[PDB]
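Read off the chains here:
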Amino acid sequence: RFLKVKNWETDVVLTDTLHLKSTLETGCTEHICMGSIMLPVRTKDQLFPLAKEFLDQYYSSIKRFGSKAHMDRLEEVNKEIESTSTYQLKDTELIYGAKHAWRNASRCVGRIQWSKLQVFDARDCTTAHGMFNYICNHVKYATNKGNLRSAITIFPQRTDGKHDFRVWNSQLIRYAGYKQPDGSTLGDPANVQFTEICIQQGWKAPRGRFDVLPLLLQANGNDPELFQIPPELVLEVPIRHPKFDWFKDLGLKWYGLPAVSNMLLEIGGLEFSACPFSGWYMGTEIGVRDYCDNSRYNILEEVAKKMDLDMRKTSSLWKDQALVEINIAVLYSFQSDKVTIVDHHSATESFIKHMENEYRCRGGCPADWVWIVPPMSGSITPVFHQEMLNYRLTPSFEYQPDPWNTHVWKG
Amino acid sequence: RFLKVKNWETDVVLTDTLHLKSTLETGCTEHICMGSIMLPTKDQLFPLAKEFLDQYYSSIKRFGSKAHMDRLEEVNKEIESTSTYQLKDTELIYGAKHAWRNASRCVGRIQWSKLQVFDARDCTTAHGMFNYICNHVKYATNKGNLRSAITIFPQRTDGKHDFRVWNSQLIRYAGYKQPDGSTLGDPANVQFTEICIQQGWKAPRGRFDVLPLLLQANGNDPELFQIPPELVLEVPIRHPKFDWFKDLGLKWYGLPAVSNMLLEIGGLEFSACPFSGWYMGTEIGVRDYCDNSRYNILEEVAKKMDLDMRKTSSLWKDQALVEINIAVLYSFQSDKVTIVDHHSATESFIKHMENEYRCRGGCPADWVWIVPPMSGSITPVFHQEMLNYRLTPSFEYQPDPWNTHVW
Ligand code: HEM
Ligand code: HEM
Ligand SMILES: CNCCN(C)c1cncc(CCc2cc(C)cc(N)n2)c1
Ligand SMILES: CNCCN(C)c1cncc(CCc2cc(C)cc(N)n2)c1
Ligand SMILES: C[C@H](O)[C@H](O)[C@H]1CNc2nc(N)[nH]c(=O)c2N1
Ligand SMILES: C[C@H](O)[C@H](O)[C@H]1CNc2nc(N)[nH]c(=O)c2N1
Ligand SMILES: [Zn+2]
């Protein structure tokens, strides 16, 4: 079966075959499209075909499909599953596996980078204190004094589901939020619940607008423990604007390192429930989403005020004007301080070249248009006009439940 | 079976039941989502009519009444003999409004019940079609106070006597390839203009030449008519601060009118059903003016504003975009031509959604089309989960007639 996608700006048409290897479910049916929906303990029986699918893919990628080494490896894994209910990945397989989960991550606009990923193997870790040290090391390697390097740290896989490793933070670096008695929020409103958990557990909150949260780390299904990332490892950028000198007096800054810590990495049927990964920011993530979402720092009004835009009617497009100035400021600031950042034009241009390449060498590139198109200036980026196919390839990153909802407290 | 949609800005969660009446297909499956793809008998007709009449009699609180049963009987009788049926005026009007109500790609559906329906089912020739359409254009234009309207020509019969308006919209600008290598006018319309010239049109060869109408009546070869110039309201584009903006010499038409869709009601197919509303500002300012395949004006504007165009990260494209959009809205508003900005329309749509969840049990919506083409996440629609599904009565894409027509 062949599927075509067209670009409506260039009329270029691509043909997808890779979707034939798709496995998990989309949420959609012939009667309903769920394309804008944010969120839609294996038996041995289910595991060996998953392991086999993975190993065939890995051995083909190294041009050793059907070799003695491939066959011996299938037999070795088969015997390990029947006798222990699970198996262990070789380091090479873990590396291939993590890079491909990135390659396959349909909501990721950054994928032109996928083969340049530093994989830190933390499967010998046994305590939360051990997790902290691996994470500190990840953060310092990835930050690299502003010359950011993509990386992932991989903690031990799930066993019976009662011994999970998990990073309770959604991202390694985030600012606290504090709900005041009058209903106003201090800091980042989206992190109030999690800030409360950290406080309950003993965090002494500075209670300012940009307090870096502590890590809360669970090893081997034990209760999580709190650690402060050393301030000196947390690189931050004060936000200023190249023409507007009052911009700095807004008191804004943001952290350099975007790091996701709440997703589950599936490789060959194994589940890596703690697998923090980091890259570098696209400017719109901070300047549009973190700063201007009504539920986040929500600074549009203040900025428009300072610009003396006409704010009596939306049709003056004052929000749009302020939005652009904030985003200019974020890119300017990061560039000035020599911290890696990409703009949304550059990033979406790179993505389209990446996509085209994948279609030629791979037969496809699953992509989620809803997530790929940036949240400002949509149609002046080339991905807006690009038809995309969304499907699920493994290896993959998946959502999992928040651990505070499911953890069994030992006390 | 029952599905939840969440708004991620407000936490409001709604429950959709209306999707269980979804009839036609999405193009998606459990293995693949095609959400971003632009274009995914007597026996067959009676169940479609029944489906429709049931919903109609339900809507006027007479379901299972005698007049309901009697109408069902009459239409069945009529299809059994004639292989088709006629809608009553009341049914036609309900049907047209509901096709708008069900239009998943339309952000302006808060207005759905306020649609003026012009019944042109008595029309027999192309000259008649022209007269009806001029009347629609004049009515809808209303000196700049725009009013929603549809005009409905005769339904498909054996499919060899289709009425069609070959034009995609009632009002569009010509495009012309130049020897110079470039394109004059609207580059999207080069092929259709050629058809018009091939059919006799004396082309002016300017940048904003309104195309003539090519009307096919009763499966006949299409004929050419020029909309009266004094009925095609246009707006010159200027900017409230940049005095140079007017020197780009831009204008656009006030009347957005789709003319290439098919209207399906109770299994009947209306292949010519031009409809019109009013513009949302981004449509012109973002798409018509700034698409690379369209008038593609960003570079010229940027230069006039003296921005640093050396690097993408100065956001010069973004800055020029916003000003072009501010100019569109100010120009329409100063001339007193109805226009809506993307903030206002999207707030309206979210109110409409809530209304439809509360009163109908849902609202089919295509997020990819609903979220505006600039400033997405500063509008409330961006944060709203939506389910897309196909209800009837509906507006559908149909093949372009130059591909289908046998001359
Ligand atoms: C190197 C530079 C990178 C850039 C510029 C980048 C860009 C992005 C952006 C802008 C998003 C959307 C974020 C949001 O709206 O919250 C995203 C999503 C994501 N990317 Fe990346 N990416 C990069 C690296 C990575 C790396 C290293 C990984 C994993 C190894 C990764 C995996 C993902 C995943 C899984 C998502 C989906 C997150 C979710 O569902 O919340 N990306 N990418
Ligand atoms: C009254 C003001 C109206 C507003 C502000 C409005 C707004 C919009 C907008 C912005 C689009 C997107 C167009 C594009 O990107 O090409 C759209 C699409 C559409 N609207 Fe409306 N609408 C209006 C009236 C109507 C009316 C009167 C009807 C039918 C009687 C209608 C049916 C549709 C349909 C079927 C589409 C999809 C067309 C396609 O696939 O190209 N709308 N609406
Ligand atoms: C729920 N999703 C939004 C999460 N969010 C507010 C957030 C906070 N802090 C950091 C990120 C990073 C998301 C991300 C991850 C990666 C690997 C790269 C990239 N450019 N951005 C996201
Ligand atoms: C080719 N895709 C459609 C965009 N396009 C080139 C176009 C040109 N001219 C007019 C329209 C009208 C779209 C429209 C229709 C209606 C009823 C209301 C509205 N606000 N916009 C569209
Ligand atoms: C590929 C993609 O579907 C295409 O560019 C769409 C995206 N969203 C859109 N949204 C609207 N309102 N109008 C459009 O023409 C498009 N084009
Ligand atoms: C409801 C909708 O799916 C939601 O607001 C999405 C839209 N697109 C997105 N795109 C990105 N990149 N990140 C997001 O958080 C979202 N949120
Ligand atoms: Zn879908």
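About the criteria used
- Residues numbered from 1 in each chain as written, not as in the entry; some residues may be left out.
- Chains lettered and ligands numbered in written order.
- Heavy atoms only, no water.
- Pairing = 2+ DSSP bridges.
- Helix = DSSP H or I, 4+ residues; strand = E, 2+ residues; numbered from the N terminus.
- Contact = heavy atoms within 4.5 Å.
- Axes fitted to C-alpha atoms, helices over the stretch in contact; angles between N-to-C directions.
- Near = heavy atom within 4 Å.
- Polar contact = N/O pair within 3.5 Å; in protein donor to acceptor, adjacent residues only side chain to side chain.
- Areas by Shrake-Rupley, 256 points an atom, 1.4 Å probe, with all protein chains shown as cover.
- Nonpolar A, V, L, I, M, F, W, Y, C, P; charged D, E, K, R; others polar.
- Buried area = accessible area lost by both parts, 1.4 Å probe.
- Salt bridge = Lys/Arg side-chain N within 4 Å of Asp/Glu carboxyl O.
- Domains from an automatic or database assignment.
- Donors = N, O, S within 2.8 Å, 3.2 Å for Na, K, Ca; no water.
- Buried < 20%, exposed > 50% of the residue type's maximum accessible area, 1.4 Å probe, protein only.
- Patch = residues over 30% accessible without salt bridge, like charges linked within 9 Å, V, L, I, M, F, W, Y side chains within 5 Å.
- Parallel < 35°, antiparallel > 145°, perpendicular 65-115°, else oblique.

- The deposited coordinates, according to the entry record, derive from X-ray crystallography at 1.80 Å resolution.

- Where the PDB entry is consulted, chain B appears under the name NITRIC OXIDE SYNTHASE, BRAIN, with the organism given as Rattus norvegicus.
- As deposited in the PDB, this entry carries the title "Structure of rat neuronal nitric oxide synthase heme domain in complex with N1-(5-(2-(6-Amino-4-methylpyridin-2-yl)ethyl)pyridin-3- yl)-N1,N2-dimethylethane-1,2-diamine".

- Chain A is annotated in the PDB entry as NITRIC OXIDE SYNTHASE, BRAIN from Rattus norvegicus.

## Some words on the sheet that holds strand β8 (residues 213-216) of chain B
Residue and element names in this part refer to chain B.
Turning to step 1, where the next piece is worked out: An order of β5-β8-β9 is seen for the three strands of this open sheet, with the pairing classed as antiparallel. Strands at the two margins of the open sheet, each flanked by one partner only, are β5 (164-165) and β9 (223-225).
Turning to step 2, where the next piece is worked out: Set on the sheet, helix α4 (residues 126-141) makes contact with β5, β8 and β9; between it and β8 the angle comes to about 130 degrees.

## Focus on the site of ligand 3
Residues and elements named next belong to chain A.
Turning to step 1, where the next piece is worked out: Around ligand 3, the structure places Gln-171, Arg-174, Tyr-255, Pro-258, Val-260, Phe-277, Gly-279, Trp-280, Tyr-281, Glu-285, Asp-290 and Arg-296.
Turning to step 2, where the next piece is worked out: At a separation of 3.5 Å, a nitrogen atom of ligand 3 approaches a polar side-chain atom of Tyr-281.
Turning to step 3, where the next piece is worked out: Computed on the free molecule, ligand 3 has an accessible area of 540 Å², of which 65% lies beneath the protein chains in the complex.
Turning to step 4, where the next piece is worked out: Residues belonging to the shell around ligand 3 are distributed by class as follows: six nonpolar, two polar and four charged.

## Examining the interface of chain A and chain B
Turning to step 1, where the next piece is worked out: Each partner contributes residues to the interface: chain A has 62 residues there, and chain B has 63 residues.
Turning to step 2, where the next piece is worked out: When the buried area of chain A at its contact with chain B is split by residue, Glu-30, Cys-33 and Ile-380 of chain A rank highest and sum to 11% of it.
Turning to step 3, where the next piece is worked out: Taken together, chain A and chain B are joined by zero salt bridges.
Turning to step 4, where the next piece is worked out: Our count for the contact surface shared by chain A and chain B stands at 28 residue pairs in polar contact.
Turning to step 5, where the next piece is worked out: Elements represented by at least two residues in the side of chain A that touches chain B include exactly β1 (3-6), α6 (283-292), α8 (318-336), α9 (344-362) and α10 (369-372) of chain A.
Turning to step 6, where the next piece is worked out: When residues of the side of chain A that touches chain B are assigned to their parent elements, the largest contribution, 10 residues, is made by α8 of chain A.
Turning to step 7, where the next piece is worked out: Of the residues assigned to the side of chain A that touches chain B, the class counts are 28 nonpolar, 24 polar and 10 charged.

## Points about the domain arrangement of chain B
Interface size, as often reported, equals the accessible area lost upon joining of the parts.
Residues and elements named next belong to chain B.
Turning to step 1, where the next piece is worked out: For chain B, the assigned domains are domain 1 (16-121 + 148-158 + 262-276 + 346-370), domain 2 (122-147 + 162-233 + 397-401) and domain 3 (234-256 + 279-344).
Turning to step 2, where the next piece is worked out: Computed over C-alpha atoms, the centres of domain 1 and domain 2 are 27 Å apart.
Turning to step 3, where the next piece is worked out: At the interface, 22 residues of domain 1 touch 17 residues of domain 2.
Turning to step 4, where the next piece is worked out: The largest per-residue losses of area from domain 1 upon contact with domain 2 belong to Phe-153, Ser-271 and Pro-274, which jointly make up 27% of the total buried on that side.
Turning to step 5, where the next piece is worked out: The tally of links from domain 1 across to domain 2 stands at one salt bridge.
Turning to step 6, where the next piece is worked out: Between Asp-162 and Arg-156 there is a salt bridge, with the nearest N and O atoms lying 2.7 Å from each other.
Turning to step 7, where the next piece is worked out: Of the residues in the side of domain 1 that touches domain 2, the class split is 13 nonpolar, five polar and four charged.

## Observations regarding the coordination of the zinc ion (ligand 7)
Turning to step 1, where the next piece is worked out: Taken together, the protein ligands of the zinc ion (ligand 7) are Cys-28 of chain A (SG), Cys-33 of chain A (SG), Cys-28 of chain B (SG) and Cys-33 of chain B (SG), with distances of 2.3 to 2.4 Å.
Turning to step 2, where the next piece is worked out: Exposure remark for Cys-33 of chain B: the relative accessible area of 9% places this residue in the buried category.

## Here we look at a nonpolar patch on the surface
Turning to step 1, where the next piece is worked out: Taken together, the side chains of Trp-8 of chain A together with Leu-39, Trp-369 and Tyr-397 of chain B define a hydrophobic patch exposed on the protein surface, amounting to about 420 Å² of accessible area.
Turning to step 2, where the next piece is worked out: Along the chain, the position of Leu-39 of chain B falls in the loop between β2 (13-16) and α1 (42-59).

## Thoughts on the site of ligand 2
Residues and elements named next belong to chain B.
Turning to step 1, where the next piece is worked out: Near ligand 2 you find 17 residues, and of these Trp-100, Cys-106, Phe-275, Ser-276 and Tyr-397 are the closest.
Turning to step 2, where the next piece is worked out: Taking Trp-100, its side chain carries an N or O atom lying 3.2 Å from a nitrogen atom of ligand 2.
Turning to step 3, where the next piece is worked out: In the model, an oxygen atom of ligand 2 is placed 2.2 Å from a nitrogen or oxygen of the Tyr-397 side chain.
Turning to step 4, where the next piece is worked out: In terms of residue class, the shell around ligand 2 is made up of 11 nonpolar, four polar and two charged.
Turning to step 5, where the next piece is worked out: Of the residues that make up the shell around ligand 2, three or more belong to each of domain 1 (16-121 + 148-158 + 262-276 + 346-370) and domain 3 (234-256 + 279-344).

## Details of the sheet that holds strand β3 (residues 118-121) of chain A
By definition, the strands of a sheet pair up through backbone hydrogen bonds, in either a parallel or an antiparallel sense.
Residue and element names in this part refer to chain A.
Turning to step 1, where the next piece is worked out: Read across the open sheet, the four strands follow the order β3-β4-β15-β12; overall the sheet is mixed. At either margin of the open sheet sits one strand with a lone partner, and together these are β3 and β12 (259-260).
Turning to step 2, where the next piece is worked out: Inspection of the sheet shows β12 paired to strand β15 (residues 277-278) by two bridges, in the antiparallel sense. Looking across to β15, one finds that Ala-259 is bridged to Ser-278.
Turning to step 3, where the next piece is worked out: Sheet strands touched by helix α3 (residues 91-103): β3 and β4 (151-154). Its angle to β3, the strand with the most contacts, is close to 135 degrees.
Turning to step 4, where the next piece is worked out: Packing of helix α4 (residues 128-143) onto the sheet brings it into contact with β3, β4 and β15, and relative to β4 it is tilted by some 170 degrees.

## Thoughts on the coordination of the iron atom of ligand 1
Tetrahedral coordination by four donors sets the ideal angle at the metal to 109.5 degrees; octahedral coordination by six donors sets it to 90 or 180 degrees.
Turning to step 1, where the next piece is worked out: From the protein, the iron atom of ligand 1 takes a single donor atom, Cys-108 of chain A (SG), 2.5 Å away.
Turning to step 2, where the next piece is worked out: Checked against the element boundaries, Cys-108 of chain A lands in the loop between α3 and β3.

## Details of the domain arrangement of chain A
Residue and element names in this part refer to chain A.
Turning to step 1, where the next piece is worked out: Taken as a whole, chain A is organised into domain 1 (16-123 + 150-160 + 264-278 + 348-372), domain 2 (124-149 + 164-235 + 399-403) and domain 3 (236-258 + 281-346).
Turning to step 2, where the next piece is worked out: Its C-alpha centre places domain 1 at a distance of 27 Å from the equivalent point of domain 2.
Turning to step 3, where the next piece is worked out: Contact with domain 1, which involves 22 residues of that partner, is made by 17 residues of domain 2.
Turning to step 4, where the next piece is worked out: Together, the buried faces of domain 1 and domain 2 total about 1600 Å²; carbon and sulfur atoms form 60% of this surface.
Turning to step 5, where the next piece is worked out: Linking domain 1 with domain 2 are one salt bridge.
Turning to step 6, where the next piece is worked out: Salt-bridge contacts for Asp-164 lead to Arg-158; the nearest nitrogen and oxygen are separated by 2.8 Å.

## Details of the packing of helix α7 (residues 300-307) of chain A against α8 of chain A
Residues and elements named next belong to chain A.
Turning to step 1, where the next piece is worked out: Relative orientation of the contacting elements α7 and α8 amounts to 95 degrees, with a least axis distance of 9 Å. The angle between α7 and α8 falls in the class roughly perpendicular. Here α7 contributes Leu-300, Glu-301, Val-303, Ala-304 and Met-307 to the contact with α8, which in turn contributes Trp-318, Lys-319, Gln-321, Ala-322, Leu-323, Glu-325 and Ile-326.
Turning to step 2, where the next piece is worked out: Here the residues of the contact of α7 with α8 are counted per class, giving eight nonpolar, one polar and three charged.

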